[PDB]
Structure formats: structure tokens, C-alpha cells
Amino acid sequence: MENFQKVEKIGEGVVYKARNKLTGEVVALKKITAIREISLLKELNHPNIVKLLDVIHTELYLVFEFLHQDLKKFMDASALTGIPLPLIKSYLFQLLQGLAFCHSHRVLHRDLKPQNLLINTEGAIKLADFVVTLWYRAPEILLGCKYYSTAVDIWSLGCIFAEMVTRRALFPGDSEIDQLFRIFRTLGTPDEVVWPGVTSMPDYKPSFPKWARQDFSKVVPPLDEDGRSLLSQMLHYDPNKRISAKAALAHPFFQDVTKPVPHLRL
Ligand SMILES: Nc1nc2ccc(C(=O)c3c(F)cccc3F)cn2c1C(=O)c1ccccc1
């Protein structure tokens, strides 16, 4: 709309950085029943959720608060030394608060990934944007569950947690079956013992190869036992045994959480 001045295209809808030719405000402008669905999102305000400032419907643009960097760019920029654990823990804690908030309002993100988590110079991290990467997709979605729950967001976050720690994607699948098999090779092929009802899932196949589960100590070293304990609960196969965001916030891992400030090059 004529109320903004596209400053730069910051990412392919397409996201532009823009200045409100009126309020001088700089914002992120995203060019995209869905109406009222998005208006409700405009009421979902939390410090760890990128603020949806306005919805301009004209012949659909979403006006968001502008943050200078996403986690993917930050992880890439910290690949040599990695993100300090104190900061990893602070980010995980804040994202869990954001999810606890979203989930309490029966709202799911459904597609969390490093590129959708934005950070600022003060140490805050926020959930944004509530081929397409499958690396963070929960197994129940991959198995064709049509009515998945808030637990799909915990799975995705557990994945990002593992990636921040190891500096390598946990399950970099490049197809739906490769994604599923990478999860199986690491966490063990699921069965009725660990996931009641799993064999009845739409895309479950008795012909799936049976891989043995690997120890977490080999998956996210050098994360401490509290960290591995939390991650394990965030990656349970059964969406119902998977830890909720609220309970996760009470895990011993966060007993000594702080809010460090990252060093960013804007
Ligand atoms: N500086 C920024 N401020 C914001 C504010 C909101 C969204 C936002 O809501 C959002 C979106 F609209 C689409 C995809 C991912 C998102 F996080 C993205 N950004 C950015 C980005 O730099 C960026 C990061 C990744 C992809 C594209 C732009």
C-alpha cells in the first residue's frame, strides 16, 4: 500500500523491509476465512512472538515488527565457535514461553524452523510466520495424521535445539521418506511399544526397515544430562508422551537460565 516505502526485499510470498511513510516506523512487509483467521492472530500478542502490527487487505499484506536477523543466519555466523550454551538455553527458554502462550490459546505454529525465529540485539528471540524443508516435521505429520496437536511444535523446537548444540541439522531429510527414515535411524523405528496406535497411521507401512535406537549421548554431544533429558522428552514419538511447552519450562535444565546478549553484526 501507498503508506509504505519498500526499502529492500529481505526474502522470498515475498518479505520486504519497509518504512511507514507516515509513522517513520520501519517494518517487515509480507506480500501473500483466512481473513478472520489472521485477525485473531493479531490479538495473539506476546514478547516472544513477532508482532503482527496490521493486516492490509486490498486488490493481502501482513505488516510485522522488524527484527534484524533470523536464527539460521545467526547459526551460520556462529558455525566456527557455535552458539554459547547459556545463549542456547536462553533462546530455548524464550521460545518455549512463546509456545506455552500460543498453545494455551489453542494456536499452533506448525512450521517452526531456524529461518522463522528472529533475534534482536537485546537477547530476545521470537516466533515468526505462523522447496519447503521437512527437517523439522514431526513424525505424526509425516505418517499422515490429519489431526495433529501442539506437540508438533515441541518436536520442531527440539530439533532446532539439537541443531544449535551440534551446529548440524538433526534430521536433514530431502524427501518425506528420507525424512522419516533419518528419524528412524536415530530414534529407532517406532512400534506399538513406544507409540500405541502408530501402525494404524495412514502412511505407516509394515515394510518400514527396523532400525535400533541410538543413545542420545551420541546424538547431541556435548550437551549435559539435563539438556539431553529435556531433548529426549521433546522428541518422544508419541505426541501424547511428548513434553508440553509449560512442563518443559519447569525442567531442571532451566534452573540456571539467564538472558545473555548475543554479538550481532547488522
Ligand atoms: N528482518 C526481518 N524482520 C522480520 C519480521 C517478520 C518476519 C516474518 O513474519 C516472516 C515472514 F513473513 C516469512 C517467512 C519467515 C518469517 F520469519 C520476517 N522478518 C525478517 C527477515 O529478515 C526474514 C527472515 C526469514 C525469511 C524472510 C525474511
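Residues numbered from 1 in each chain as written, not as in the entry; some residues may be left out. Heavy atoms only, no water.

Per the deposited record, determination of this structure is attributed to X-ray crystallography, with the resolution reported as 2.0 Å.

(A) Up close: empty space enclosed by the protein. There is about 30 Å³ of room inside the second largest cavity. As for the second largest cavity, its lining consists of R110, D111, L112, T133, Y136, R137 and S156. Here the lining of the second largest cavity is composed, by residue class, of 2 nonpolar, 2 polar and 3 charged. (1 Å grid on protein atoms, 1.4 Å probe; cavity = no way out; pocket = protein on both sides within 12 Å on 5 of 7 lines; lining within 4 Å. Points joined across faces, edges and corners; volume = space filled by probe spheres on them. Nonpolar A, V, L, I, M, F, W, Y, C, P; charged D, E, K, R; others polar.)

(B) Geometry of the site of the ligand. As a matter of local geometry, the ligand sits amid 14 residues, with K30, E65, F66, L67 and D129 nearest to it. With respect to the ligand, the backbone of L67 contributes an N or O atom lying 2.2 Å from a nitrogen atom. Coverage of the ligand by the protein amounts to 89% of the 520 Å² it exposes when considered alone. At the level of secondary structure, the elements contributing two or more residues to the shell around the ligand comprise strand 3 (26-31) and strand 5 (61-65). Residue composition of the shell around the ligand, grouped by class: 9 nonpolar, 2 polar and 3 charged. (Near = heavy atom within 4 Å. Polar contact = N/O pair within 3.5 Å; in protein donor to acceptor, adjacent residues only side chain to side chain. Areas by Shrake-Rupley, 256 points an atom, 1.4 Å probe, with all protein chains shown as cover. Helix = DSSP H or I, 4+ residues; strand = E, 2+ residues; numbered from the N terminus.)

(C) Just the side chain of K31, in detail. With respect to the helices and strands, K31 occurs in strand 3. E12 provides the closest opposite charge to the buried, salt-bridge-free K31, at an N-O distance of 8.9 Å. Filtering out sequence-adjacent residues up to four positions away, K31 remains in contact with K6, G13, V14, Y16, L60 and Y61. (Buried < 20%, exposed > 50% of the residue type's maximum accessible area, 1.4 Å probe, protein only. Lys, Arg positive; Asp, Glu negative; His and termini not counted. Salt bridge = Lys/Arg side-chain N within 4 Å of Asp/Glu carboxyl O. Contact = heavy atoms within 4.5 Å.)

(D) View of the UniProt feature "active site" in the protein. Listed under "active site" in the UniProt record, and renumbered for this structure, are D111. Following the sequence through the fold, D111 ends up in the loop between helix 3 (85-104) and strand 7 (117-119). Here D111 falls in the partly exposed class, since its relative accessible area comes to 24%. In contact with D111, other than residues within four places in its own chain, are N116 and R137. (UniProt positions renumbered as here; feature names shortened; annotations may be inferred.)

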